[PDB]
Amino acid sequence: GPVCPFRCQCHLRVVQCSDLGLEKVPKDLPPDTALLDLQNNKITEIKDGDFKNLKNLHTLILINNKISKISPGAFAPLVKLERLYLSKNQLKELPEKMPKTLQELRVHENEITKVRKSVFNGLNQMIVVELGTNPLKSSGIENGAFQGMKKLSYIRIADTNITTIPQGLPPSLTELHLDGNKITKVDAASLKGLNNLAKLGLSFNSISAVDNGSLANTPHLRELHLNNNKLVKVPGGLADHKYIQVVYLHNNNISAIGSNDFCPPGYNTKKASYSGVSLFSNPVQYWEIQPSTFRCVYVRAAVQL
């Protein structure tokens, strides 16, 4: 029969092996295991036999190991796998042939420099991907790499070397989080087809420009965080956009605000009302903003100067 490794706790389909200095994945675990916690050990690779007879496993936590190598399909026997947590390891690339049931993949704080389309092909249950804190550059992401994920709703690539928004992002996305990178411009083509995008996080980059037409490509966008960048003007298209409600622009280089930067000239009843606009920590001062500029805002607390 199955064995609980010495010091681990195996109770009610949970195998708890965190904090033990283990050097490889334990074998002979109970076949009905639903959650496997191997956080904070010293595992250095995942080999082909590591995950056999764990056909009920829905969660695998490998956070904070020393993994620098994963055999292709090492995870494929995990036919019910939904969550794969690989953060705080030493991966250079994403694992190939992950189980098609996968819903969430976390690879925060690795050494990832290449993101291949192939890793993601057929991963049609994937809803969330977290890839931040990696030395990754824009050249390292194949165009349309994330396109094979037809239900993908959330992606975050944060605190990396990327300099442009990835092209060919899946149109199912509702959240795109690209905070703390080295992005210098928002181009319209990267946002093309993102008609379900609700949130766009571009905070803490070096953005100096938003292409005209950019935001019209995210017609249902509701929240736009562009604080802590190098903007010299408010992004074009806010007045004509019908869904935008939250626009953070604090800590930028904006020296003037024109009268139709936020509001169209005539009250447009089809345009959603602003709930939050931040403009503080910019060269423009409250006394340089024409009163009319926020005529379409009716909650006075919404605008923060």
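So that there is no doubt, residue numbering starts at 1 and follows the sequence shown.
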Higher avg CA temperature factor (6 to 14 vs 291 to 299, as deposited) belongs to 291 to 299
Split the chain's modelled residues into thirds by Cα B-factor; residue 201 lands in the lowest
Residue 41: CA B-factor among chain residues, third -> lowest
Split the chain's modelled residues into thirds by Cα B-factor; residue 248 lands in the middle
Among the modelled residues of its chain, the C-alpha B-factor of residue 276 falls in the third labelled lowest
Chain-relative C-alpha B factor for residue 70 (record values, thirds): the highest
